[PDB]
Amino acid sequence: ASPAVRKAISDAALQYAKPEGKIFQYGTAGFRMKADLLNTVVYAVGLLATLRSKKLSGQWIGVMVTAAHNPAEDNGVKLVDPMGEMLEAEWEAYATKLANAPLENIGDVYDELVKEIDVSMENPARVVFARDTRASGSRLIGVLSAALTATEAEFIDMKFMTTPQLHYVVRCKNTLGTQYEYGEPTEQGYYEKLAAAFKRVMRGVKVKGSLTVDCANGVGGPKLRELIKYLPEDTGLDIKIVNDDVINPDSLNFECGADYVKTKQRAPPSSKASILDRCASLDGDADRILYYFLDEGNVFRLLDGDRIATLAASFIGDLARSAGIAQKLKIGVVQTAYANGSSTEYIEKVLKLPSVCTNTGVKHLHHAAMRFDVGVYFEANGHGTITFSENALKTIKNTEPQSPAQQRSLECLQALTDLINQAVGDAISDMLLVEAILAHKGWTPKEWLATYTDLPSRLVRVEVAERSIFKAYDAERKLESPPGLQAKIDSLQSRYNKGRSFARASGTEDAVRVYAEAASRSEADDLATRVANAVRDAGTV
């Protein structure tokens, strides 16, 4: 790196101060913490984004400033690689080295990195960024801008966007004018693509009943309202938006949003939904969705990420069979350990498909899903998508089927591949997917719920002094450490019918998570509470 660059790096860093004693870690999805801790971190990330882009011969790299499901006082920064995927895993160590460098030395760490990565410093760097509605985002975008200006990257501020909009923009700008061309790299282009794909998938069917979408008082509320202006007119889809208060920042994810619904297993307390109204909740950056409704008995029923995965795997399997291509589109379902055991059992015994369990975090699920022609992957919390391999897409595009029924199914599959946000999932595209599926099957939430019955389950968020002593393995289902704790968990889970519990450190918040399921409500709650007390005791010595 040039002497003027190395100077502008140290000059710009002078404006900030590292918080004393904090060690930063990349975590499940990127640096995330209380927003007053973030300046030097974000500055470090601007440096890393420049290096990444240069290493990739000036391809657009994205930065999304968000803490996603986290409470409003947090923020964070996620890196996006050129095709929309999460920043390559090996590069999380480089980010963490820059973020932990004394500020005085950040210039030297930068040069140390150019040598180690072997980066051609004459390559252009091109970075595009956006943020959700969080109060700290503008300050952090200032810092990011300061880093990128110092390193002389070309950069574009896309203002407020959902996480998946930013991933979409990155993929578009890196594919524009090629055979791979994903769309126009603007917010309008995103709405146009979703709308056009949904029109095609919907040919010949209609949605029945309204959909009431809790938008977590985040950026998804205004963007979904905008998307609705683009959507086709006679599909029967009737969306009502609730919780779109992007004006009061304390409202974000507050008593509403997918994370509230999933962890508490209840509708937002401000919900005005009637019995049998079909509902869904997005989260604060619109990258999770779940569904839920009040049944005929006025009882809340949850349709979470694994319900979406299984819904999509069933539909795709029926379309591939109908299109005469079942033998050529092998479907697999990727899960994590948070998936309800009943959903795993359904995938195995009713859909008759392979499933794979991976670590928590979309990067891991996406990785495992590459092993299938069609890889359906969701986390229970409502992240996820469906990936189609090169060979699958070629089969879907080029098959010429014998009859009109087969052609209609083939065309529905082709449209689905344009609707489904490839790589990292997109909650709003997943919502249109679910709507299209129910419309084709003719199902209401009643029939979808009846596919399988979830085991009663429970999440407990446990605060400990030192979550780094909780080290997990086997798709994070067992604790290697602290010594003796897995033994206790194995012993506890065996006392309950269908008892299954595991504990692991969160990589997005300072807590340990406990999950438990069993055959009955009393058993699952007892198992979760006894496991959480064993964790709290261990983590708090």
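So that there is no doubt, residue numbering starts at 1 and follows the sequence shown.
- Between 156-164 and 73-81, the higher mean Cα B-factor belongs to 73-81.
- As the entry records it, the average C-alpha temperature factor is higher for 143-151, out of 219-227 and 143-151.
- The top Cα temperature factor in the record, among 432, 279, 339, 370, falls on 370.
- Across the options 202, 405, 241, 465, the residue with the most elevated CA B-factor in the record is 465.
- Sorting the modelled residues of the chain by their CA temperature factor places residue 375 in the middle third.
- For residue 51, the recorded CA B-factor ranks within the highest third of the chain. Only modelled residues enter the ranking.
- Among the modelled residues of its chain, residue 517 has a C-alpha B-factor that falls in the lowest third according to the deposited record.
- Per the deposited record, the Cα B-factor of residue 91 falls in the highest third when ranked against the other modelled residues of its chain.
- In the PDB entry, residue 126 places in the highest third of its chain by CA B-factor.
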